[PDB]
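Residue numbers (the authors' numbering), protein chains in the order written: chain A, 51 to 137; chain B, 51 to 137.
Here's the structure we're looking at; comments come further down.
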Ligand code: HEM
Ligand code: HEM
């Protein structure tokens, strides 16, 4: 139970510390704390997106990196949507 | 004295509550708590950037709003930089 969740922005922003770092990329939310020590660009760079939507930063440095496959085991879930999104 | 300070990432993240809400826009840090009740987009929207760098969110909704003049009385200071930034 509880493998994949809906993530509100309020929830996402709680996870803004190195040891508890969530980032949203294209609506998918990942727990990148276990990846911190491996990121080729270093920890400080990854932390620029801590607790936030990292899509723009990600796209400005390496748009084609296969994050979905690399981070699959760290997938938290998906960002919540406003009902109007579905109009 | 003490009107403008250097703001670290650690310090910025502490000011994440509605009554003590700091937002960084383009390196400038503002305590927006007094502005909460006036923001045309409402309080929830402004809270999306609480205790964080709000530049991307700000630019996604109203790039041209004159925040420097509007929020001048709320200016905390500037984000810290690493020495390497000055190379
Ligand atoms: C969202 C904030 C991120 C920032 C600011 C960032 C920044 C960087 C930077 C500066 C580099 C070195 C690029 C260069 O010197 O050309 C890099 C490399 C790399 N990063 Fe990130 N990164 C972010 C997120 C991620 C994430 C989430 C992943 C993994 C899913 C990732 C995987 C990689 C990979 C695979 C490389 C090496 C690409 C190559 O071999 O050329 N990055 N990153
Ligand atoms: C922190 C400094 C900010 C200032 C000084 C500011 C100022 C303003 C102003 C002047 C408007 C009305 C613009 C108009 O007349 O067309 C507005 C609306 C709005 N604001 Fe902000 N804002 C700030 C931050 C933010 C942030 C960070 C967000 C998003 C997280 C946001 C979300 C919105 C939204 C959604 C609207 C209504 C936009 C629309 O319906 O087109 N604001 N704000």
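Just so you know, even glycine gets a beta-carbon here, dropped at the ideal spot from N, CA and C.
Sequence-distant partners of residue 64(A) (beyond 5 residues in either direction) whose C-beta falls short of 6 angstroms from its own C-beta are missing from its chain. Following the DSSP letters along the chain, one finds residue 57(A) inside the beta strand (DSSP E) bounded by residues 55-57.
Contact between residue 82(B) and residue 129(B) is absent: CB atoms are separated by about 15 angstroms, not below the 8 angstroms threshold.
Relative to the non-hydrogen atoms of ligand 2, the Cβ of residue 93(B) never comes closer than 7 angstroms to any of them.
Here the distance from the Cβ of residue 73(B) to the nearest heavy atom of ligand 2 is below 7 angstroms. Annotation: Cβ neighbours of residue 98(B) in chain A (cutoff 9 angstroms, chain order): 59, 60 and 63. If you ignore the 5 residues before and after residue 124(B), its C-beta comes within less than 7 angstroms of the C-beta of 80, 81, 82, 84 and 85, all in its own chain and listed in chain order.
With a cut-off of 7 angstroms, the C-beta of residue 135(B) is classified as distant from ligand 1, since no heavy atom of the ligand falls inside that distance. For the pair residue 52(A) and residue 73(A), the CB atoms are not nearer than the 8 angstroms cut-off. Taking a Cβ-Cβ cut-off of 8 angstroms, the neighbours of residue 102(B) in chain A comprise 63, 66, 101 and 102, given in sequence order.
Listed in chain order, the non-local C-beta contacts of residue 69(A) below 7 angstroms within the same chain comprise 83, local neighbours out to five positions each way being set aside.
Listed by position along chain A, the residues whose Cβ is nearer than 9 angstroms to that of residue 93(B) form an empty set, because the closest Cβ is around 13 angstroms away. In the same chain as residue 66(B), and ignoring 5 residues on each side of it, the C-beta atoms closer than 7 angstroms to its own belong to 100 and 101, in chain order. Shown in chain order are the members of the stretch 104-117 of chain A whose Cβ falls below 8 angstroms from a Cβ of chain B: 106.
Each of 135(B), 132(B), 91(B) and 136(B) was checked against the Cα of residue 111(B), and the nearest Cα belongs to 91(B). Comparing alpha carbon positions, the residue from 89(A), 122(A), 94(A) and 126(A) closest to residue 134(B) is 94(A). Considering only 97(A), 132(A) and 117(A), the residue with the shortest C-alpha distance to residue 76(A) is 117(A).
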